[PDB]
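Trainee: Structure: structure_22.txt, compact mmCIF, C-alpha atoms and all ligand atoms.
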# COMPACT_ATOMS: atom_id res chain seq x y z
CA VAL W 1 0.00 0.00 0.00
CA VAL W 2 1.31 3.33 -1.17
CA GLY W 3 0.49 6.37 1.04
CA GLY W 4 -0.65 4.17 3.90
CA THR W 5 -0.46 4.36 7.66
CA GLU W 6 0.41 1.54 10.07
CA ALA W 7 -2.75 -0.32 11.11
CA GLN W 8 -3.42 -0.94 14.79
CA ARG W 9 -2.84 -4.66 15.59
CA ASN W 10 -6.49 -5.55 16.08
CA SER W 11 -8.19 -3.32 13.57
CA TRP W 12 -8.38 -5.88 10.74
CA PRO W 13 -8.29 -9.34 12.28
CA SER W 14 -9.51 -11.15 9.14
CA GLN W 15 -6.38 -10.04 7.17
CA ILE W 16 -3.95 -12.90 6.54
CA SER W 17 -0.51 -13.14 4.87
CA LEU W 18 -0.23 -15.76 2.08
CA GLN W 19 3.37 -16.97 1.82
CA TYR W 20 5.32 -19.45 -0.29
CA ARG W 21 8.28 -21.63 0.62
CA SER W 22 11.56 -20.08 -0.54
CA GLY W 23 14.42 -22.50 0.26
CA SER W 24 14.89 -22.43 4.01
CA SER W 25 12.49 -19.52 4.47
CA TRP W 26 8.97 -18.31 3.64
CA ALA W 27 8.13 -15.22 1.57
CA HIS W 28 5.00 -13.05 1.63
CA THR W 29 3.31 -12.96 -1.76
CA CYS W 30 -0.33 -11.88 -1.20
CA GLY W 31 -3.03 -11.02 1.25
CA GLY W 32 -6.31 -12.81 1.88
CA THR W 33 -9.37 -12.73 4.13
CA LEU W 34 -10.12 -15.44 6.73
CA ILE W 35 -13.81 -16.32 6.03
CA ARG W 36 -14.17 -19.65 7.92
CA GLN W 37 -11.88 -21.10 10.60
CA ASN W 38 -10.48 -23.31 7.81
CA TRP W 39 -11.07 -21.20 4.70
CA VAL W 40 -9.34 -18.16 3.20
CA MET W 41 -10.58 -15.95 0.37
CA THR W 42 -7.82 -14.61 -1.91
CA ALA W 43 -7.16 -13.66 -5.57
CA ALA W 44 -6.87 -16.43 -8.17
CA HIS W 45 -3.73 -14.80 -9.62
CA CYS W 46 -2.08 -15.25 -6.20
CA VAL W 47 -2.06 -19.02 -6.64
CA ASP W 48 -1.16 -19.14 -10.30
CA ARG W 49 2.35 -20.45 -9.57
CA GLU W 50 2.78 -24.05 -8.55
CA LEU W 51 4.34 -23.14 -5.16
CA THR W 52 4.06 -24.50 -1.61
CA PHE W 53 1.81 -22.08 0.31
CA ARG W 54 1.03 -21.34 3.94
CA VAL W 55 -1.33 -18.87 5.63
CA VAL W 56 -0.35 -16.76 8.64
CA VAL W 57 -3.22 -15.42 10.75
CA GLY W 58 -2.62 -12.96 13.65
CA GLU W 59 0.28 -11.36 11.72
CA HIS W 60 1.26 -7.73 12.04
CA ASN W 61 5.00 -7.55 11.33
CA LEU W 62 6.44 -9.84 8.69
CA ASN W 63 9.98 -9.45 10.07
CA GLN W 64 9.39 -9.67 13.83
CA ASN W 65 7.74 -12.06 16.28
CA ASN W 66 4.43 -10.46 17.20
CA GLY W 67 3.55 -13.18 19.68
CA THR W 68 0.17 -13.64 18.07
CA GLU W 69 0.70 -15.58 14.87
CA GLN W 70 -0.72 -18.96 13.88
CA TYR W 71 0.83 -20.77 10.89
CA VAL W 72 -1.18 -23.25 8.79
CA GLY W 73 -0.58 -25.06 5.55
CA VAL W 74 -2.91 -24.86 2.51
CA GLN W 75 -4.61 -28.25 1.98
CA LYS W 76 -6.68 -27.42 -1.06
CA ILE W 77 -6.99 -24.61 -3.58
CA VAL W 78 -10.18 -23.88 -5.51
CA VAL W 79 -9.76 -21.22 -8.22
CA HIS W 80 -12.84 -19.77 -9.91
CA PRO W 81 -13.45 -21.95 -12.95
CA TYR W 82 -13.70 -18.97 -15.32
CA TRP W 83 -10.35 -17.44 -14.26
CA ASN W 84 -7.75 -16.91 -17.02
CA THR W 85 -4.27 -15.69 -16.04
CA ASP W 86 -3.67 -13.95 -19.38
CA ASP W 87 -6.85 -11.89 -19.04
CA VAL W 88 -7.16 -10.33 -15.57
CA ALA W 89 -9.56 -7.77 -17.08
CA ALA W 90 -12.12 -10.48 -17.69
CA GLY W 91 -12.59 -10.81 -13.94
CA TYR W 92 -13.10 -13.94 -11.86
CA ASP W 93 -9.92 -13.17 -9.89
CA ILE W 94 -10.90 -15.06 -6.78
CA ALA W 95 -9.99 -18.32 -5.11
CA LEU W 96 -10.63 -20.17 -1.88
CA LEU W 97 -8.01 -21.96 0.21
CA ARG W 98 -8.98 -24.75 2.58
CA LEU W 99 -6.55 -24.73 5.54
CA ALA W 100 -5.04 -27.99 6.83
CA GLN W 101 -6.13 -27.08 10.36
CA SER W 102 -8.84 -24.76 11.69
CA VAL W 103 -7.36 -21.62 13.28
CA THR W 104 -8.29 -20.29 16.72
CA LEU W 105 -10.24 -17.07 16.94
CA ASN W 106 -9.21 -14.12 19.20
CA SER W 107 -8.80 -10.35 19.00
CA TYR W 108 -6.13 -10.79 16.31
CA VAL W 109 -7.91 -13.57 14.37
CA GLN W 110 -11.57 -13.18 13.31
CA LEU W 111 -13.74 -14.04 10.32
CA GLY W 112 -14.23 -11.36 7.65
CA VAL W 113 -17.88 -10.32 7.28
CA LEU W 114 -18.96 -10.49 3.60
CA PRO W 115 -21.72 -8.33 2.10
CA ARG W 116 -25.07 -9.61 1.01
CA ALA W 117 -25.31 -10.85 -2.56
CA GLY W 118 -25.62 -8.09 -5.13
CA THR W 119 -24.76 -5.19 -2.90
CA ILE W 120 -23.18 -2.29 -4.74
CA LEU W 121 -21.73 0.67 -2.96
CA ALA W 122 -22.67 4.25 -3.70
CA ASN W 123 -20.00 6.38 -5.37
CA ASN W 124 -17.36 7.67 -2.97
CA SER W 125 -18.19 5.19 -0.18
CA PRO W 126 -15.64 4.98 2.66
CA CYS W 127 -13.27 2.01 2.40
CA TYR W 128 -9.75 1.02 3.55
CA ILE W 129 -7.32 -1.21 1.73
CA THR W 130 -4.96 -3.21 3.96
CA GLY W 131 -1.79 -5.17 3.23
CA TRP W 132 1.98 -5.57 3.33
CA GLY W 133 2.45 -4.67 -0.36
CA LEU W 134 4.98 -2.24 -1.77
CA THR W 135 4.94 1.19 -0.19
CA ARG W 136 6.05 2.89 -3.44
CA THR W 137 5.77 1.92 -7.10
CA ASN W 138 8.84 -0.34 -7.71
CA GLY W 139 9.52 -0.13 -3.95
CA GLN W 140 9.60 -2.79 -1.28
CA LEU W 141 7.16 -4.66 0.94
CA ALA W 142 6.10 -3.07 4.17
CA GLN W 143 7.26 -4.65 7.41
CA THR W 144 4.10 -3.67 9.35
CA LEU W 145 0.52 -4.05 8.06
CA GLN W 146 -0.54 -0.83 6.31
CA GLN W 147 -3.98 0.73 5.69
CA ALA W 148 -5.05 3.47 3.26
CA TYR W 149 -8.37 5.31 2.86
CA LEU W 150 -9.64 4.54 -0.67
CA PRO W 151 -13.19 5.83 -1.43
CA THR W 152 -15.03 3.87 -4.10
CA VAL W 153 -15.34 4.99 -7.71
CA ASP W 154 -18.60 3.67 -9.14
CA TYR W 155 -18.87 1.63 -12.32
CA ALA W 156 -20.01 4.45 -14.59
CA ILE W 157 -17.04 6.63 -13.61
CA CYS W 158 -14.54 3.81 -13.33
CA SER W 159 -15.37 2.34 -16.74
CA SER W 160 -15.16 5.72 -18.46
CA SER W 161 -12.41 6.56 -20.97
CA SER W 162 -10.35 8.73 -18.60
CA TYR W 163 -10.39 5.98 -15.95
CA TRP W 164 -10.20 2.27 -16.82
CA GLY W 165 -12.48 2.10 -19.87
CA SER W 166 -13.56 -1.39 -20.91
CA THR W 167 -10.95 -2.92 -18.64
CA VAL W 168 -13.24 -2.61 -15.59
CA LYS W 169 -16.29 -4.85 -15.35
CA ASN W 170 -19.33 -4.57 -13.03
CA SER W 171 -18.00 -7.69 -11.27
CA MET W 172 -15.31 -5.39 -9.92
CA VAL W 173 -15.04 -2.60 -7.36
CA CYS W 174 -12.82 0.43 -8.05
CA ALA W 175 -11.45 2.46 -5.11
CA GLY W 176 -9.00 5.36 -4.86
CA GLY W 177 -7.25 6.83 -7.88
CA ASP W 178 -6.15 10.05 -6.09
CA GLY W 179 -2.53 9.67 -7.25
CA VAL W 180 -1.21 9.33 -3.67
CA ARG W 181 -2.78 6.26 -2.06
CA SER W 182 -3.24 2.84 -3.61
CA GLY W 183 -2.73 -0.89 -3.48
CA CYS W 184 0.62 -2.16 -4.77
CA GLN W 185 2.43 -5.40 -5.57
CA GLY W 186 2.07 -7.78 -2.65
CA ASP W 187 -1.38 -6.43 -1.64
CA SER W 188 -3.21 -8.67 -4.11
CA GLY W 189 -5.76 -11.04 -2.70
CA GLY W 190 -6.31 -9.01 0.48
CA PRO W 191 -9.44 -7.21 1.60
CA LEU W 192 -11.05 -3.92 0.78
CA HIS W 193 -12.99 -3.11 4.01
CA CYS W 194 -15.98 -0.75 3.62
CA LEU W 195 -18.14 0.81 6.35
CA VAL W 196 -21.85 0.14 5.79
CA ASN W 197 -24.62 0.54 8.38
CA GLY W 198 -21.99 0.84 11.07
CA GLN W 199 -20.05 -2.36 10.36
CA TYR W 200 -16.97 -2.92 8.17
CA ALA W 201 -17.46 -5.65 5.55
CA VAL W 202 -15.04 -7.06 2.96
CA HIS W 203 -16.43 -5.80 -0.32
CA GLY W 204 -13.35 -6.39 -2.46
CA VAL W 205 -10.45 -8.79 -3.17
CA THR W 206 -7.42 -6.80 -4.42
CA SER W 207 -6.71 -7.61 -8.05
CA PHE W 208 -4.87 -5.04 -10.17
CA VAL W 209 -3.32 -1.63 -10.73
CA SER W 210 -2.00 0.22 -13.78
CA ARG W 211 1.00 -1.22 -15.59
CA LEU W 212 2.33 2.34 -15.33
CA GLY W 213 2.41 2.32 -11.53
CA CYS W 214 0.45 1.76 -8.31
CA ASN W 215 -0.60 5.31 -7.34
CA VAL W 216 -1.61 6.83 -10.69
CA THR W 217 -4.31 9.51 -10.91
CA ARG W 218 -7.52 8.13 -12.40
CA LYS W 219 -6.33 4.56 -12.24
CA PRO W 220 -7.93 3.52 -8.96
CA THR W 221 -6.98 0.15 -7.48
CA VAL W 222 -9.32 -2.58 -8.79
CA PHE W 223 -10.84 -5.35 -6.72
CA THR W 224 -13.00 -8.44 -7.42
CA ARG W 225 -16.50 -7.53 -6.11
CA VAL W 226 -17.14 -10.02 -3.33
CA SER W 227 -20.91 -9.49 -3.50
CA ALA W 228 -20.97 -10.91 -7.01
CA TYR W 229 -19.53 -14.26 -5.79
CA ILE W 230 -21.47 -15.11 -2.67
CA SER W 231 -23.28 -18.10 -4.20
CA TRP W 232 -19.99 -19.34 -5.70
CA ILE W 233 -18.24 -19.07 -2.34
CA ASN W 234 -21.03 -20.87 -0.46
CA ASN W 235 -21.19 -23.57 -3.18
CA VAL W 236 -17.48 -24.29 -2.79
CA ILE W 237 -17.46 -24.36 1.03
CA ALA W 238 -20.51 -26.58 1.09
CA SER W 239 -19.09 -28.97 -1.53
CA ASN W 240 -15.68 -29.13 0.10
CA CA A 301 5.26 -11.38 12.84
Translate this file's structure into C-alpha cells.
Mentor:
Amino acid sequence: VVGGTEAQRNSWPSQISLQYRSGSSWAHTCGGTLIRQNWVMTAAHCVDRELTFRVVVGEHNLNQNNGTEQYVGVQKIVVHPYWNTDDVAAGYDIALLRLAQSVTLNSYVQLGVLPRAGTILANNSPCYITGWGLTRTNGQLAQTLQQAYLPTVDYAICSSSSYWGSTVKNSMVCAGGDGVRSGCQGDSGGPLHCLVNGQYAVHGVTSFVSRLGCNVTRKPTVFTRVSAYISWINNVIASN
C-alpha cells in the first residue's frame, strides 16, 4: 500500500498473509481474508504459480515475532473456474483456500464479514485497503501491516475513458485513484474493508493496478467484487 499508515494490531483481524516456501524460508506474496476457521478468500492470480503455500493469521509484522501468529498449511486450492491468467480484465480473480487445520479465533484472528449478494456501494463510499504490499511503485514490501483510505469509484465513472475504460467490469469494485494512495504489488488477494450501516465488511479482493504504476491519478486500485460471488463461495465451502 502506497500512502498508507500503520494499522493498529487488532483493527483488521480477518487479514492474513499468504506466503510461499523459498528455500529455508517463507516469503510473503499476497493477502487474503479469513472467512471460515479453515477457509481463506484470496485472488486467483495469487495461486497461479505451482508453489508450496502457507497462511499466517494474527500477523502484524512480517519481520518480527508479534507473539500472536498462527501458521497453517494450505490443503486445497479452488480457483474460480472462469479465471484466465492472461486476461485479468475479464474478472473472476478469486480463489478459496482450505486450511489444513482450523485456526483459533481471538482479537487478532476473526472471520471477515462479507456483504449480502448483489450489494453495490454508492459512489465515494468509505473504504480502507490493507496489506503488506509495496509502499512505493517499484519499492519494497512493508514490514508492518498498512492501511489506506480509498473511497469507491462507481462503475459508470470507473469504466469511463479517462479511468479504466472497458478494462473494468461490473463484477469489480474500483477504489482510490487520487494519485497518492493505492494498493501495490504484494497487496493482491487481500481485503477492501468498507463501512456500511456501522459495520466494516469485505467488499473487495485486491486484483490489479495500472502497468504504469500503483498510485496513478484516475487509475484507482481494482478489486474483485465479493458481493458478485457469494453463491460461488457458499457452493465451494458446502461442496468441500
Ligand atoms: Ca510477525
Trainee: What residues have any atom no more than 9 Å from ligand CA 301 (chain A) when counting all atoms listed in the file, and can you list them as a PyMOL selection string?
Mentor: chain W and resi 56+58-69+143-144
Trainee: Kindly indicate which residue among W:151, W:139, W:183, W:112 lies nearest to residue 126 in chain W, using all atoms listed in the file for the distances.
Mentor: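 Distance minimum relative to residue 126 in chain W lands on W:151.
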Trainee: Kindly give the distance, in Å, that separates CA of residue 91 in chain W and CA of residue 15 in chain W, rounded to a single decimal.
Mentor: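 Rounded to one decimal, the two atoms are 22.0 Å apart.
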Trainee: Point out the residue among W:18, W:113, W:216, W:89 with the least atom-to-atom distance to residue 187 in chain W, counting all atoms listed in the file.
Mentor: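 Answer, going by the shortest atom-to-atom distance: W:18.
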Trainee: Give me, as a list in words, all polymer residues having an atom no more than 9 Å from residue 96 in chain W, counting all atoms listed in the file and skipping those fewer than 5 positions away in the same chain.
Mentor: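 Surrounding residues, per the criterion: residues 39, 40, 41, 42, 43, 44, 76, 77, 78, 79, 80, 233, 236 and 237 of chain W.
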Trainee: Just want the 6 Å neighbourhood of range 159-173 of chain W, counted on only C-alpha atoms, with same-chain residues fewer than 3 positions away dropped. Output as a ChimeraX atom specification.
Mentor: /W:89,155-156,218-219,222-225
Trainee: Go ahead and write the selection's residues with C-alpha atoms as an mmCIF file, keeping the file's coordinate frame.
Mentor:
data_model
loop_
_atom_site.group_PDB
_atom_site.id
_atom_site.type_symbol
_atom_site.label_atom_id
_atom_site.label_comp_id
_atom_site.auth_asym_id
_atom_site.auth_seq_id
_atom_site.Cartn_x
_atom_site.Cartn_y
_atom_site.Cartn_z
ATOM 1 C CA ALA W 89 -9.560 -7.770 -17.080
ATOM 2 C CA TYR W 155 -18.870 1.630 -12.320
ATOM 3 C CA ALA W 156 -20.010 4.450 -14.590
ATOM 4 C CA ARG W 218 -7.520 8.130 -12.400
ATOM 5 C CA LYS W 219 -6.330 4.560 -12.240
ATOM 6 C CA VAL W 222 -9.320 -2.580 -8.790
ATOM 7 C CA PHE W 223 -10.840 -5.350 -6.720
ATOM 8 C CA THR W 224 -13.000 -8.440 -7.420
ATOM 9 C CA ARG W 225 -16.500 -7.530 -6.110
#
Trainee: Could you tell me how far CA of residue 177 in chain W lies from CA of residue 210 in chain W, in Å and to one decimal?
Mentor: 10.3 Å
Trainee: Given the choices W:95, W:180, W:230, W:34, which gets closest to residue 46 in chain W if the distance is worked out from only C-alpha atoms?
Mentor: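 Residue with the minimum atom-to-atom distance to residue 46 in chain W: W:95.
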Trainee: Could you please determine the separation between CA of residue 184 in chain W and CA of residue 27 in chain W in Å, to one decimal place?
Mentor: 16.3 Å
Trainee: Pick out the closest residue to residue 158 in chain W from this set: W:220, W:118, W:73, W:81. Count only C-alpha atoms.
Mentor: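 When distances to residue 158 in chain W are compared using only C-alpha atoms, the smallest one comes from W:220.
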Trainee: Please provide the set of residues having any atom within 9 Å of residue 30 in chain W, restricted to all atoms listed in the file, with same-chain residues fewer than 2 positions apart removed, written as an MDAnalysis selection string.
Mentor: chainID W and resid 16:19 28 32 42:43 46 131:133 185:190
Trainee: For those residues, write C-alpha atoms to a file as a tab-separated table (two decimals), keeping the file's coordinate frame.
Mentor:
chain	number	residue	atom	x	y	z
W	16	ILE	CA	-3.95	-12.90	6.54
W	17	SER	CA	-0.51	-13.14	4.87
W	18	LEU	CA	-0.23	-15.76	2.08
W	19	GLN	CA	3.37	-16.97	1.82
W	28	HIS	CA	5.00	-13.05	1.63
W	32	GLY	CA	-6.31	-12.81	1.88
W	42	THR	CA	-7.82	-14.61	-1.91
W	43	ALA	CA	-7.16	-13.66	-5.57
W	46	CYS	CA	-2.08	-15.25	-6.20
W	131	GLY	CA	-1.79	-5.17	3.23
W	132	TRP	CA	1.98	-5.57	3.33
W	133	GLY	CA	2.45	-4.67	-0.36
W	185	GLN	CA	2.43	-5.40	-5.57
W	186	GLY	CA	2.07	-7.78	-2.65
W	187	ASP	CA	-1.38	-6.43	-1.64
W	188	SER	CA	-3.21	-8.67	-4.11
W	189	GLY	CA	-5.76	-11.04	-2.70
W	190	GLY	CA	-6.31	-9.01	0.48
Trainee: Select, from W:153, W:175, W:47, W:2, the residue with the minimum atom-to-atom distance to residue 94 in chain W, counting all atoms listed in the file.
Mentor: W:47
Trainee: Of the residues W:110, W:75, W:215, W:227, which is the one nearest to residue 135 in chain W, using all atoms listed in the file?
Mentor: W:215
Trainee: Name all residues at most 8 Å from residue 194 in chain W (count all atoms listed in the file; drop same-chain ones fewer than 4 positions away) and give them as a PyMOL selection string.
Mentor: chain W and resi 125-128+200-203
Trainee: Could you model N, CA, C and O atoms for range 202-224 of chain W and present them as a PDB file, in the frame of the given file?
Mentor:
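Writing the result to selection_36.pdb gives the following:
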ATOM      1  N   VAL W 202     -16.072  -6.896   4.045  1.00  0.00           N
ATOM      2  CA  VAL W 202     -15.040  -7.060   2.960  1.00  0.00           C
ATOM      3  C   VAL W 202     -15.767  -7.079   1.621  1.00  0.00           C
ATOM      4  O   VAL W 202     -16.311  -8.121   1.218  1.00  0.00           O
ATOM      5  N   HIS W 203     -15.755  -5.909   0.952  1.00  0.00           N
ATOM      6  CA  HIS W 203     -16.430  -5.800  -0.320  1.00  0.00           C
ATOM      7  C   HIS W 203     -15.561  -6.152  -1.508  1.00  0.00           C
ATOM      8  O   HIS W 203     -16.025  -6.369  -2.635  1.00  0.00           O
ATOM      9  N   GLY W 204     -14.218  -6.157  -1.298  1.00  0.00           N
ATOM     10  CA  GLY W 204     -13.350  -6.390  -2.460  1.00  0.00           C
ATOM     11  C   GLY W 204     -12.189  -7.332  -2.164  1.00  0.00           C
ATOM     12  O   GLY W 204     -11.753  -7.457  -1.002  1.00  0.00           O
ATOM     13  N   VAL W 205     -11.681  -8.001  -3.176  1.00  0.00           N
ATOM     14  CA  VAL W 205     -10.450  -8.790  -3.170  1.00  0.00           C
ATOM     15  C   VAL W 205      -9.449  -8.095  -4.108  1.00  0.00           C
ATOM     16  O   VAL W 205      -9.722  -7.956  -5.305  1.00  0.00           O
ATOM     17  N   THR W 206      -8.331  -7.602  -3.577  1.00  0.00           N
ATOM     18  CA  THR W 206      -7.420  -6.800  -4.420  1.00  0.00           C
ATOM     19  C   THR W 206      -6.910  -7.539  -5.637  1.00  0.00           C
ATOM     20  O   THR W 206      -6.460  -8.655  -5.483  1.00  0.00           O
ATOM     21  N   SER W 207      -7.035  -6.890  -6.812  1.00  0.00           N
ATOM     22  CA  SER W 207      -6.710  -7.610  -8.050  1.00  0.00           C
ATOM     23  C   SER W 207      -5.719  -6.897  -8.920  1.00  0.00           C
ATOM     24  O   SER W 207      -4.725  -7.532  -9.338  1.00  0.00           O
ATOM     25  N   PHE W 208      -5.900  -5.634  -9.276  1.00  0.00           N
ATOM     26  CA  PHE W 208      -4.870  -5.040 -10.170  1.00  0.00           C
ATOM     27  C   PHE W 208      -4.762  -3.544 -10.043  1.00  0.00           C
ATOM     28  O   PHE W 208      -5.641  -2.871  -9.472  1.00  0.00           O
ATOM     29  N   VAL W 209      -3.660  -3.020 -10.583  1.00  0.00           N
ATOM     30  CA  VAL W 209      -3.320  -1.630 -10.730  1.00  0.00           C
ATOM     31  C   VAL W 209      -2.775  -1.416 -12.156  1.00  0.00           C
ATOM     32  O   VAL W 209      -2.580  -2.341 -12.920  1.00  0.00           O
ATOM     33  N   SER W 210      -2.578  -0.144 -12.485  1.00  0.00           N
ATOM     34  CA  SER W 210      -2.000   0.220 -13.780  1.00  0.00           C
ATOM     35  C   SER W 210      -0.629  -0.391 -14.001  1.00  0.00           C
ATOM     36  O   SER W 210       0.173  -0.513 -13.072  1.00  0.00           O
ATOM     37  N   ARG W 211      -0.351  -0.754 -15.268  1.00  0.00           N
ATOM     38  CA  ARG W 211       1.000  -1.220 -15.590  1.00  0.00           C
ATOM     39  C   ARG W 211       1.972  -0.057 -15.455  1.00  0.00           C
ATOM     40  O   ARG W 211       3.175  -0.272 -15.296  1.00  0.00           O
ATOM     41  N   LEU W 212       1.468   1.175 -15.467  1.00  0.00           N
ATOM     42  CA  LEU W 212       2.330   2.340 -15.330  1.00  0.00           C
ATOM     43  C   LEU W 212       2.768   2.622 -13.918  1.00  0.00           C
ATOM     44  O   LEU W 212       3.799   3.298 -13.642  1.00  0.00           O
ATOM     45  N   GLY W 213       2.024   2.120 -12.929  1.00  0.00           N
ATOM     46  CA  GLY W 213       2.410   2.320 -11.530  1.00  0.00           C
ATOM     47  C   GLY W 213       1.207   2.056 -10.605  1.00  0.00           C
ATOM     48  O   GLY W 213       0.089   1.860 -11.076  1.00  0.00           O
ATOM     49  N   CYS W 214       1.507   2.070  -9.312  1.00  0.00           N
ATOM     50  CA  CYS W 214       0.450   1.760  -8.310  1.00  0.00           C
ATOM     51  C   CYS W 214      -0.422   2.979  -8.100  1.00  0.00           C
ATOM     52  O   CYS W 214      -1.642   2.882  -8.397  1.00  0.00           O
ATOM     53  N   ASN W 215       0.143   4.073  -7.613  1.00  0.00           N
ATOM     54  CA  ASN W 215      -0.600   5.310  -7.340  1.00  0.00           C
ATOM     55  C   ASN W 215      -0.580   6.223  -8.554  1.00  0.00           C
ATOM     56  O   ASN W 215       0.310   7.067  -8.690  1.00  0.00           O
ATOM     57  N   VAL W 216      -1.542   6.054  -9.455  1.00  0.00           N
ATOM     58  CA  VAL W 216      -1.610   6.830 -10.690  1.00  0.00           C
ATOM     59  C   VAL W 216      -2.973   7.489 -10.726  1.00  0.00           C
ATOM     60  O   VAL W 216      -3.978   6.777 -10.513  1.00  0.00           O
ATOM     61  N   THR W 217      -3.034   8.791 -10.913  1.00  0.00           N
ATOM     62  CA  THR W 217      -4.310   9.510 -10.910  1.00  0.00           C
ATOM     63  C   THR W 217      -5.229   8.915 -11.967  1.00  0.00           C
ATOM     64  O   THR W 217      -4.821   8.685 -13.108  1.00  0.00           O
ATOM     65  N   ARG W 218      -6.475   8.646 -11.551  1.00  0.00           N
ATOM     66  CA  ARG W 218      -7.520   8.130 -12.400  1.00  0.00           C
ATOM     67  C   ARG W 218      -7.294   6.688 -12.813  1.00  0.00           C
ATOM     68  O   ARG W 218      -7.929   6.177 -13.727  1.00  0.00           O
ATOM     69  N   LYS W 219      -6.403   6.012 -12.076  1.00  0.00           N
ATOM     70  CA  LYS W 219      -6.330   4.560 -12.240  1.00  0.00           C
ATOM     71  C   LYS W 219      -6.480   4.019 -10.821  1.00  0.00           C
ATOM     72  O   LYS W 219      -5.537   3.597 -10.132  1.00  0.00           O
ATOM     73  N   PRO W 220      -7.731   4.032 -10.318  1.00  0.00           N
ATOM     74  CA  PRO W 220      -7.930   3.520  -8.960  1.00  0.00           C
ATOM     75  C   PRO W 220      -7.531   2.048  -8.892  1.00  0.00           C
ATOM     76  O   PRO W 220      -7.496   1.346  -9.882  1.00  0.00           O
ATOM     77  N   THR W 221      -7.260   1.578  -7.664  1.00  0.00           N
ATOM     78  CA  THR W 221      -6.980   0.150  -7.480  1.00  0.00           C
ATOM     79  C   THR W 221      -8.234  -0.648  -7.811  1.00  0.00           C
ATOM     80  O   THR W 221      -9.348  -0.146  -7.505  1.00  0.00           O
ATOM     81  N   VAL W 222      -8.110  -1.796  -8.417  1.00  0.00           N
ATOM     82  CA  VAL W 222      -9.320  -2.580  -8.790  1.00  0.00           C
ATOM     83  C   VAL W 222      -9.362  -3.875  -8.011  1.00  0.00           C
ATOM     84  O   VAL W 222      -8.382  -4.626  -7.830  1.00  0.00           O
ATOM     85  N   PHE W 223     -10.543  -4.236  -7.530  1.00  0.00           N
ATOM     86  CA  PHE W 223     -10.840  -5.350  -6.720  1.00  0.00           C
ATOM     87  C   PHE W 223     -11.954  -6.234  -7.320  1.00  0.00           C
ATOM     88  O   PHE W 223     -12.889  -5.692  -7.935  1.00  0.00           O
ATOM     89  N   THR W 224     -11.855  -7.527  -7.169  1.00  0.00           N
ATOM     90  CA  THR W 224     -13.000  -8.440  -7.420  1.00  0.00           C
ATOM     91  C   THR W 224     -14.132  -8.075  -6.440  1.00  0.00           C
ATOM     92  O   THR W 224     -13.885  -7.909  -5.259  1.00  0.00           O
TER      93      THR W 224
END
